[PDB]
Every structure is written in structure tokens, then in C-alpha cells.
Amino acid sequence: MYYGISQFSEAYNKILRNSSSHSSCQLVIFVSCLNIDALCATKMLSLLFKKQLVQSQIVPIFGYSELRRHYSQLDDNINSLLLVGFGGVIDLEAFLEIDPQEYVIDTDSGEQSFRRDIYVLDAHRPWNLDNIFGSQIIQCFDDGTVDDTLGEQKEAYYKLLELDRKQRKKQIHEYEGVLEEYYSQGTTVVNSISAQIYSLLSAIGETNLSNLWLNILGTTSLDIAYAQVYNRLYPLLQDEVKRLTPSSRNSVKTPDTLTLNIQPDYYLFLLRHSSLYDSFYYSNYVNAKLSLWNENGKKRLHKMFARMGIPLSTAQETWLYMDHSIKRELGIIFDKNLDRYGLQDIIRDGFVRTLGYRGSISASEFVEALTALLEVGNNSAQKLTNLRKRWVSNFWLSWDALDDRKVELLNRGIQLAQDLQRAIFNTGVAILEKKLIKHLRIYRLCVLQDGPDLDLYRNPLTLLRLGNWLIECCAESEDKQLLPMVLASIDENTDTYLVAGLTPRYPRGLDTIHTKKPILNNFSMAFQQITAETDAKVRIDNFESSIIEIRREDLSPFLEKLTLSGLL
Amino acid sequence: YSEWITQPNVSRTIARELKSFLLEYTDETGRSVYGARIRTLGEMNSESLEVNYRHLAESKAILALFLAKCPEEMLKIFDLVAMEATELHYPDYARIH
């Protein structure tokens, strides 16, 4: 372990001592864009440092190349660096060309001090042992995994470090085997950065309703792909909401009251900001459980609505103007008429925040709006950089959406979320009708070669959204065995693909012994190994490890070698 | 006849027979015609049940004769029966229509 849960306050105090000078701005926060959890964590840090008047700079970085370029550009005065959402799975001192002898001051006296401190803050579990164990400059905000599940790796790393006959060589190979089996592991996510920073705030005592709301947003960002993590962290948020809500309950509503509530939040898509029919129709879970992509699915949906006794005219009405008779009986109606179709998991408990008279909104809807703003908010090596520039710019739109004074931007985000879900649904029914997903014995490939609005999928977030749609659809099919999926999308302007190796997941709400063990995404190591040999102009720079940009002509040989690769 | 149909015992008998016809009539291919028709009716909030007269004549021809002779009350009885059958397939359909 490097920084446990109980000693986050030590890191915060170290940051304050090193860089809380009003003379200059010696603190720089590197945030990974295209990550809602990192966005909420950086918003928390921004508010916390605004309270203590610690001058700081927030830089959205898209890829590892940008991180390296910025660090090279980074001045030596800046003596505190925060990496939010990345950096925990690579040799940062090696990647950034860091040698501790050039950053050490006042070596003496069993202590050491350095002129610059890098605090990595992410949730991807393959901690690089040369970062968590063998470097003092790099300081990792651990969540308790290393101090409990890395004892063997700690011993193996230290023995090899200190040792630089037959028994000695045999034991070295035995220890080196322990390190090797630690690697060759898929990259998962166990915690949410927002929850970690909220734990730090609880240690410092700066918790309030806005920070709790940011924590809820960051945690709810994990419910789509890491539902086990969200279910693990949910009781803590539930306790915090009860702790922070004022005792003056059942009071009259006033234009100033902000209420965090735990009320039934059905697992539909933008239920409060769109019609009930559109909430069922465009839901990922409902689509998986009913197969609405085919023609018979719409008939099933209409039959369900008739069964509940909700007229289609009322069902398609906007949620605000739905008749108060139906809107107040949603719980009873869903209890009576959902287990018939297997949608019992739709009913759920979530967090809903109302700001005075501005109407309710749930964290699930809020994160969809934020994601939409990230995705569509606003010869070959140059236009791609223009895309990176636009993608960085969208981070600030999603950042400004968090402010309560910019609801006119959150509504635009909601509209963009509805449009993007519509486009995702159209492309999904186009893929599943033409049977574009080629089943294999290693990975179910799927390449998007032509169609409409194909420029949406050059963004990694939109491609992951489509992949999550497909994976949710496949997960509820019993015949289809679990298998990694690959999505690609040709970028005509740059003549390059965007391969996004995904991971399968068990059906939502299905809790078993094998469900408890998380599924690990093995595509990162496979991609890196394939790129190391057989130079193919592959661009592996995303913080999301399992996403690469490959030339149009080099895609097929790359996939051939990947098929020959048994790593994944 | 109108007086014959309006008798409460005769009305109850006719309603029961019509409900049995709707629930149990099957054609040559073996599938229940009116079960599927009621499913489609509720699915699209149709409000109208298309009942073939040939089916009503083939089975329980006396009811077909009554309908063709005094439709004013037979239609009311058969409308109530159709509502009951739809409520059987789609409970709480009275909220829609």
C-alpha cells in the first residue's frame, strides 16, 4: 500500500504544505476527459481547493501522448501533480522519464523529500508494482486493495529488488512467477474516484450536500458496466443521505430547498424528461429483456402497455403532463404487471434531487446528460488532433453542466442524450438485422464499414455506448455464451478504424457465485503485444486501454494476428 | 323477439352463450380466432371487435338469427360480452376504453 483509506488526510495536508501559497499556482490537476467519475472527482477537488484558496490548474488530457507532452512542457516550479482517472497501470516514472535523483532535495536522518509529488488517483486495479511499491515520487491513493490482496506480490517484488546457487535461482523464478501471474490480468474497476475523494473529505470534514451529490453522480456513473461496484458502494451513499438531510422533514416546499431523496428510481431511460413509452423503448435493459430491435418487440411493448391499462396516448405523453392519476400509480401498476415480462429488475431505488421549484431529477438521468455533453457537446495526424481538441473542449461543457446556475445547459445535455440513444438504437437494429456480428470461438467481431451517422462512433464514449447496448442485448440471450466483443468504426477522413475491445457481463440482477467474480478485460495486453511486433501504425494512447486506432488496410491483418493471439 | 331477448333469464343465457362462443370458437386451422382478435384489439386500443357473421351462424345459429332479427338488444348484450372477454385478456382495460 502507499496511501490507505485512513491516511488520505496525510496526503491532503502534504499537498497543502507543499503548494498552498497565494504567491503562485504550484498545483496542477491532470484530469482524464471522457470519464464522468474523473469529472466529478475533479469537481470535488476544485471546490475543496476553492474553499482553502489553493491556486490550481485543471488540464483535461485525452491520451497518454498528451500527458507526456504536457509533462515535458510542465515547469519545474509546479511541485504538486494530481493525475485523476489514469496513471495507475503504467510505469509512470519510466513513461515520463523520471529519475528520483533529479527531483530529490534534502536527502538528510532516515527520511527523504522530493521537489515534486505526483498523486495518481484512479480505480483500475492492475496497480503497477513499480508505482505502488518501488517509487517515492509517485504516490497512489489506494482504496485498501494493496494492503490486503498484494502481500504475496509485495514479498515477490521486494525479494527481487533486494537480490538484484541453484536454490537462489529456483526461488527467484518462483517469485518472478508470482509477479508474472499478477500481470497478464485484465483491467477492471473496483471503486469510484468520487467515493474515494468523498472519503478524504469526510476525513477533513468538508462534506456537504453538493459534495454528496457529486459523489452520487460519480458512483452512479459505474452502474452501467460495473454494477457490482455500484451495489457495493450504494449503502454508504444511502447512509450519507440520511446523515446529511436536515431534520425539518415534511416541511413546505420553498424556492431554496435542495432535497436529496432515496425514492423509487426505475431503471428506465430519462423517465422524467421523456415519455413513458420512450423510456421503456430506449432502455437498454428493456430492450435486452424484450428484444425490441426486431419487429415483434414493438408489439410486445404495446401489449405490455395495454396490459397495465395505460393508454398509448397517455403513455406517449411527456412525463410532466401525464395525468396525475396514472403518474401516482406507477409503483402499484409496475408491481402488478412487470414480473409477467421479466422486467422485475426495472423497479429500483435511486437518488432524486429537487432544487426548489425546478422539478425532480435522478442521478441516473444526470449522468446520461453529462455523458451526452461529453460526447456531442460541440492529412491523417492533424484532423485526429482536431478531434482530440473538440473532445477536450466538451469536458468543460460537461463541467459547467454541474453548476446549478446552468440548467439551460443540462437540458441541452438531456436533449443530446435522447438523440444519441436514438442513433444508438438505430445502429443497433441495423447491426442485428444484417447479422454483422461474426461469431467466433475467441471473440465476436463486429466492424462498422458503412451506414448513417457513422461519424458519431469515432468518439470512444459513443462507441462504448453502442457496445454496452450490444453487450446488454447479448447478455440476456441464454444461447449466446459469454465472449469478448470487438467494435470498429471506419473514420473516412483519416482512413483509420477505432477498435474497441469490450468485455462480456452477466445479466443484470443475476447474483451467483460466478457473478461475484468480476470479468476482466484482457484486450489491453493483447493489443500491446500485437503492436510491439509487426509494426502496423497502431495508436495505443487512450487511458481506456482496450481502444486503439488502426489504419484501414492494416485492420484485417491485425485481427488475424489477434485471432492467432491466445492472450485474451 | 325483442321482448323475448329482454327477459333477464334469456338475456343471461344469451350472454353466457356468446361469451362461450368468443372464448371457445376455433376454425379449421385450430387456433382461436377471437382470442387473437381480442389480443390485437387491446394491443392497439381498437375499441371495436370485428366478429364474423359466418362464425356466429355456423355455431349457435339461433344467436345469429336473433342478431339478424333484433340487433338492437343483441348488439348491447354482445358488446357487454366482448368487454368481459377483453377484460379477461386485458384486465383493467376499462381505463383505456
# chains A, B, ... in the order shown; residues from 1 in each chain; ligands from 1
>>> interface_residues(of="chain B", to="chain A", cutoff="10 Å", atoms="only C-alpha atoms", output="NGL selection string")
:B and (39-45 or 87 or 89-97)
>>> select_by_dssp(residues="chain B", states="alpha helix (DSSP H)", output="PyMOL selection string")
chain B and resi 2-6+8-24+33-43+53-58+61-69+71-89
>>> write_last_selection(atoms="C-alpha atoms", output="JSON list (two decimals), in the first residue's frame")
[["chain", "number", "residue", "atom", "x", "y", "z"],
["B", 2, "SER", "CA", -87.29, -8.12, -28.66],
["B", 3, "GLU", "CA", -89.46, -8.95, -25.65],
["B", 4, "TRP", "CA", -88.01, -12.47, -25.64],
["B", 5, "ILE", "CA", -84.45, -11.13, -25.61],
["B", 6, "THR", "CA", -85.20, -8.56, -22.91],
["B", 8, "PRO", "CA", -83.45, -11.42, -17.74],
["B", 9, "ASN", "CA", -83.12, -15.22, -17.89],
["B", 10, "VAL", "CA", -82.94, -15.21, -21.69],
["B", 11, "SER", "CA", -80.51, -12.28, -21.59],
["B", 12, "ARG", "CA", -78.24, -14.13, -19.16],
["B", 13, "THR", "CA", -78.38, -17.29, -21.26],
["B", 14, "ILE", "CA", -77.56, -15.37, -24.45],
["B", 15, "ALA", "CA", -74.68, -13.54, -22.77],
["B", 16, "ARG", "CA", -73.22, -16.80, -21.45],
["B", 17, "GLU", "CA", -73.55, -18.46, -24.86],
["B", 18, "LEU", "CA", -71.90, -15.51, -26.61],
["B", 19, "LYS", "CA", -69.03, -15.48, -24.11],
["B", 20, "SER", "CA", -68.56, -19.21, -24.67],
["B", 21, "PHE", "CA", -68.56, -18.60, -28.42],
["B", 22, "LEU", "CA", -65.94, -15.86, -28.15],
["B", 23, "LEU", "CA", -63.68, -17.86, -25.83],
["B", 24, "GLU", "CA", -64.06, -21.27, -27.47],
["B", 33, "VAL", "CA", -59.83, -16.68, -33.89],
["B", 34, "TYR", "CA", -61.38, -14.32, -31.37],
["B", 35, "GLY", "CA", -58.67, -14.74, -28.76],
["B", 36, "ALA", "CA", -56.18, -13.37, -31.27],
["B", 37, "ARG", "CA", -58.68, -10.71, -32.35],
["B", 38, "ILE", "CA", -59.11, -9.56, -28.75],
["B", 39, "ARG", "CA", -55.34, -9.55, -28.22],
["B", 40, "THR", "CA", -54.96, -7.29, -31.25],
["B", 41, "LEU", "CA", -57.91, -5.16, -30.12],
["B", 42, "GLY", "CA", -56.38, -4.44, -26.73],
["B", 43, "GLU", "CA", -52.88, -4.05, -28.14],
["B", 53, "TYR", "CA", -71.30, -13.39, -39.03],
["B", 54, "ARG", "CA", -70.46, -16.71, -40.69],
["B", 55, "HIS", "CA", -68.79, -17.90, -37.49],
["B", 56, "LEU", "CA", -71.83, -16.88, -35.46],
["B", 57, "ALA", "CA", -74.11, -18.70, -37.91],
["B", 58, "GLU", "CA", -72.07, -21.91, -38.03],
["B", 61, "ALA", "CA", -77.18, -20.38, -35.28],
["B", 62, "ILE", "CA", -80.08, -19.31, -33.05],
["B", 63, "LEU", "CA", -77.95, -16.43, -31.78],
["B", 64, "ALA", "CA", -77.14, -15.42, -35.36],
["B", 65, "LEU", "CA", -80.86, -15.45, -36.18],
["B", 66, "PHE", "CA", -81.59, -13.32, -33.11],
["B", 67, "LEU", "CA", -78.88, -10.84, -34.10],
["B", 68, "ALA", "CA", -80.17, -10.65, -37.67],
["B", 69, "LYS", "CA", -83.75, -10.17, -36.45],
["B", 71, "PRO", "CA", -79.96, -6.45, -33.45],
["B", 72, "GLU", "CA", -80.82, -3.54, -31.15],
["B", 73, "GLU", "CA", -80.55, -5.60, -27.95],
["B", 74, "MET", "CA", -78.35, -8.44, -29.22],
["B", 75, "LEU", "CA", -75.67, -5.88, -30.04],
["B", 76, "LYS", "CA", -75.82, -4.49, -26.49],
["B", 77, "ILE", "CA", -75.55, -7.98, -24.99],
["B", 78, "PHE", "CA", -72.70, -8.92, -27.31],
["B", 79, "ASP", "CA", -70.91, -5.64, -26.57],
["B", 80, "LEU", "CA", -71.05, -6.40, -22.84],
["B", 81, "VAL", "CA", -69.77, -9.91, -23.56],
["B", 82, "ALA", "CA", -66.92, -8.54, -25.69],
["B", 83, "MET", "CA", -65.96, -6.15, -22.89],
["B", 84, "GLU", "CA", -65.91, -9.05, -20.44],
["B", 85, "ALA", "CA", -63.70, -11.12, -22.75],
["B", 86, "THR", "CA", -61.29, -8.23, -23.29],
["B", 87, "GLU", "CA", -61.11, -7.65, -19.54],
["B", 88, "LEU", "CA", -60.27, -11.35, -19.29],
["B", 89, "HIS", "CA", -57.34, -10.94, -21.69]]
>>> atom_distance(atom1="atom CA of residue 241 of chain A", atom2="atom CA of residue 260 of chain A")
6.7 Å
>>> select_by_dssp(residues="segment 184-370 of chain A", states="strand (DSSP E or B)", output="list in words")
residues 187, 189, 258, 259, 260, 261, 262, 263, 264, 349, 350, 351, 352, 353, 354, 355, 360, 361 and 362 of chain A
>>> write_last_selection(atoms="N, CA, C and O atoms", output="compact mmCIF listing (two decimals), in the first residue's frame")
# COMPACT_ATOMS: atom_id res chain seq x y z
N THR A 187 -7.89 -5.55 -17.00
CA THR A 187 -8.06 -4.31 -16.24
C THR A 187 -9.52 -4.16 -15.85
O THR A 187 -10.40 -4.03 -16.71
N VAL A 189 -12.32 -2.40 -12.61
CA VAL A 189 -12.53 -1.24 -11.76
C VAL A 189 -13.24 -1.71 -10.50
O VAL A 189 -14.27 -2.38 -10.58
N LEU A 258 -33.05 22.36 -1.26
CA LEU A 258 -32.41 21.32 -2.05
C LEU A 258 -32.56 20.01 -1.29
O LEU A 258 -32.11 19.91 -0.15
N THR A 259 -33.19 19.03 -1.92
CA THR A 259 -33.55 17.78 -1.25
C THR A 259 -32.94 16.60 -1.98
O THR A 259 -33.33 16.29 -3.11
N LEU A 260 -31.98 15.93 -1.34
CA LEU A 260 -31.57 14.60 -1.76
C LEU A 260 -32.52 13.58 -1.16
O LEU A 260 -32.72 13.54 0.06
N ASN A 261 -33.11 12.75 -2.01
CA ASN A 261 -34.09 11.78 -1.58
C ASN A 261 -33.74 10.41 -2.15
O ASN A 261 -33.16 10.31 -3.23
N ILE A 262 -34.09 9.37 -1.41
CA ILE A 262 -33.97 8.00 -1.87
C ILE A 262 -35.39 7.50 -2.12
O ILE A 262 -36.09 7.10 -1.18
N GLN A 263 -35.81 7.54 -3.37
CA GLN A 263 -37.16 7.17 -3.78
C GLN A 263 -37.07 6.22 -4.95
O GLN A 263 -36.03 6.13 -5.60
N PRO A 264 -38.14 5.46 -5.23
CA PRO A 264 -38.13 4.55 -6.37
C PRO A 264 -37.70 5.22 -7.67
O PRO A 264 -38.39 6.11 -8.18
N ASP A 349 -34.25 1.48 -6.45
CA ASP A 349 -34.15 2.64 -5.58
C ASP A 349 -32.96 3.49 -6.00
O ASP A 349 -31.84 2.98 -6.15
N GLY A 350 -33.19 4.79 -6.19
CA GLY A 350 -32.16 5.70 -6.61
C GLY A 350 -32.27 7.02 -5.87
O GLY A 350 -33.11 7.18 -4.98
N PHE A 351 -31.40 7.95 -6.24
CA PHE A 351 -31.32 9.25 -5.61
C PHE A 351 -31.90 10.31 -6.53
O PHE A 351 -31.53 10.39 -7.70
N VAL A 352 -32.82 11.12 -5.99
CA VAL A 352 -33.52 12.14 -6.76
C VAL A 352 -33.33 13.47 -6.06
O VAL A 352 -33.64 13.60 -4.87
N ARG A 353 -32.85 14.47 -6.80
CA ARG A 353 -32.58 15.79 -6.24
C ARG A 353 -33.51 16.81 -6.87
O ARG A 353 -33.56 16.94 -8.10
N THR A 354 -34.23 17.55 -6.03
CA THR A 354 -35.10 18.63 -6.46
C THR A 354 -34.54 19.93 -5.92
O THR A 354 -34.25 20.03 -4.72
N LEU A 355 -34.40 20.93 -6.78
CA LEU A 355 -33.86 22.22 -6.38
C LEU A 355 -35.01 23.23 -6.41
O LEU A 355 -35.27 23.87 -7.42
N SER A 360 -37.94 17.46 -10.31
CA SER A 360 -37.04 16.42 -9.86
C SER A 360 -36.09 15.99 -10.97
O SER A 360 -36.34 16.20 -12.16
N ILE A 361 -34.98 15.39 -10.56
CA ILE A 361 -34.05 14.76 -11.48
C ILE A 361 -33.25 13.73 -10.70
O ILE A 361 -32.86 13.97 -9.55
N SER A 362 -33.03 12.57 -11.30
CA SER A 362 -32.32 11.49 -10.65
C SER A 362 -30.88 11.44 -11.13
O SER A 362 -30.54 11.95 -12.20
>>> residues_around(residues="residue 2 of chain A", least_positions_apart="4", cutoff="9 Å", atoms="only C-alpha atoms", output="count of residues only")
9
>>> atom_distance(atom1="atom CA of residue 1 of chain A", atom2="atom CA of residue 144 of chain A")
7.5 Å
>>> residues_around(residues="residue 42 of chain A", least_positions_apart="6", cutoff="10 Å", atoms="only C-alpha atoms", output="MDAnalysis selection string")
chainID A and resid 29:32 36 48 58 82:85 193:194 197 214 399
>>> decode(residues="segment 511-534 of chain A", atoms="N, CA, C and O atoms", output="tab-separated table (two decimals), in the first residue's frame")
chain	number	residue	atom	x	y	z
A	511	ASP	N	-27.46	-12.75	-9.47
A	511	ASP	CA	-26.40	-12.85	-8.48
A	511	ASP	C	-26.11	-14.33	-8.23
A	511	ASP	O	-26.95	-15.05	-7.67
A	512	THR	N	-24.92	-14.78	-8.64
A	512	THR	CA	-24.47	-16.15	-8.41
A	512	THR	C	-23.02	-16.12	-7.98
A	512	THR	O	-22.41	-15.05	-7.82
A	513	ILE	N	-22.45	-17.31	-7.77
A	513	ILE	CA	-21.05	-17.41	-7.35
A	513	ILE	C	-20.12	-16.92	-8.45
A	513	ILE	O	-19.18	-16.16	-8.19
A	514	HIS	N	-20.36	-17.33	-9.70
A	514	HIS	CA	-19.53	-16.87	-10.80
A	514	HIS	C	-19.78	-15.40	-11.12
A	514	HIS	O	-18.89	-14.72	-11.64
A	515	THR	N	-20.98	-14.90	-10.81
A	515	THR	CA	-21.25	-13.48	-10.96
A	515	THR	C	-20.39	-12.65	-10.00
A	515	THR	O	-19.94	-11.55	-10.35
A	516	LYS	N	-20.15	-13.18	-8.80
A	516	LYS	CA	-19.35	-12.45	-7.82
A	516	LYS	C	-17.95	-12.17	-8.34
A	516	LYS	O	-17.41	-11.08	-8.14
A	517	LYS	N	-17.34	-13.15	-8.99
A	517	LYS	CA	-16.03	-12.94	-9.60
A	517	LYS	C	-16.17	-12.02	-10.80
A	517	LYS	O	-16.91	-12.35	-11.74
A	518	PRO	N	-15.50	-10.87	-10.82
A	518	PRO	CA	-15.67	-9.94	-11.94
A	518	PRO	C	-15.00	-10.45	-13.20
A	518	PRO	O	-14.06	-11.24	-13.17
A	519	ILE	N	-15.51	-9.97	-14.33
A	519	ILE	CA	-14.94	-10.28	-15.64
A	519	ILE	C	-13.86	-9.26	-15.95
A	519	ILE	O	-14.04	-8.05	-15.75
A	520	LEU	N	-12.73	-9.74	-16.45
A	520	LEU	CA	-11.55	-8.91	-16.67
A	520	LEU	C	-11.34	-8.71	-18.17
A	520	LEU	O	-11.40	-9.66	-18.94
A	521	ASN	N	-11.08	-7.46	-18.56
A	521	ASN	CA	-10.91	-7.09	-19.96
A	521	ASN	C	-9.45	-7.32	-20.35
A	521	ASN	O	-8.57	-6.55	-19.96
A	522	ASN	N	-9.21	-8.36	-21.14
A	522	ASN	CA	-7.86	-8.78	-21.49
A	522	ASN	C	-7.33	-8.14	-22.76
A	522	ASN	O	-6.23	-8.50	-23.20
A	523	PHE	N	-8.07	-7.21	-23.37
A	523	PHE	CA	-7.68	-6.70	-24.68
A	523	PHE	C	-6.46	-5.80	-24.64
A	523	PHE	O	-5.78	-5.66	-25.66
A	524	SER	N	-6.16	-5.17	-23.50
A	524	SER	CA	-5.05	-4.23	-23.43
A	524	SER	C	-3.73	-4.92	-23.72
A	524	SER	O	-2.95	-4.47	-24.58
A	525	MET	N	-3.45	-6.01	-23.01
A	525	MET	CA	-2.20	-6.73	-23.20
A	525	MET	C	-2.11	-7.32	-24.60
A	525	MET	O	-1.04	-7.31	-25.21
A	526	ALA	N	-3.22	-7.84	-25.12
A	526	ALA	CA	-3.23	-8.38	-26.47
A	526	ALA	C	-2.88	-7.31	-27.49
A	526	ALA	O	-2.04	-7.52	-28.37
A	527	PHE	N	-3.51	-6.13	-27.37
A	527	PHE	CA	-3.24	-5.05	-28.31
A	527	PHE	C	-1.78	-4.61	-28.22
A	527	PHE	O	-1.12	-4.42	-29.25
A	528	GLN	N	-1.26	-4.45	-27.00
A	528	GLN	CA	0.12	-4.01	-26.84
A	528	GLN	C	1.10	-5.03	-27.40
A	528	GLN	O	2.08	-4.67	-28.05
A	529	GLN	N	0.85	-6.32	-27.15
A	529	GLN	CA	1.73	-7.36	-27.66
A	529	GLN	C	1.70	-7.41	-29.18
A	529	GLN	O	2.74	-7.54	-29.83
A	530	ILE	N	0.51	-7.30	-29.77
A	530	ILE	CA	0.40	-7.34	-31.23
A	530	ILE	C	1.07	-6.11	-31.84
A	530	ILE	O	1.66	-6.20	-32.92
A	531	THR	N	0.98	-4.96	-31.18
A	531	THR	CA	1.59	-3.75	-31.73
A	531	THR	C	3.10	-3.74	-31.56
A	531	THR	O	3.81	-3.18	-32.40
A	532	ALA	N	3.62	-4.37	-30.49
A	532	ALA	CA	5.06	-4.35	-30.25
A	532	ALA	C	5.82	-4.96	-31.42
A	532	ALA	O	6.83	-4.42	-31.88
A	533	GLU	N	5.34	-6.10	-31.92
A	533	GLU	CA	5.83	-6.67	-33.16
A	533	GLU	C	4.94	-6.20	-34.32
A	533	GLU	O	3.90	-5.59	-34.11
A	534	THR	N	5.38	-6.50	-35.54
A	534	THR	CA	4.57	-6.29	-36.74
A	534	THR	C	3.98	-4.88	-36.78
A	534	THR	O	2.77	-4.68	-36.65
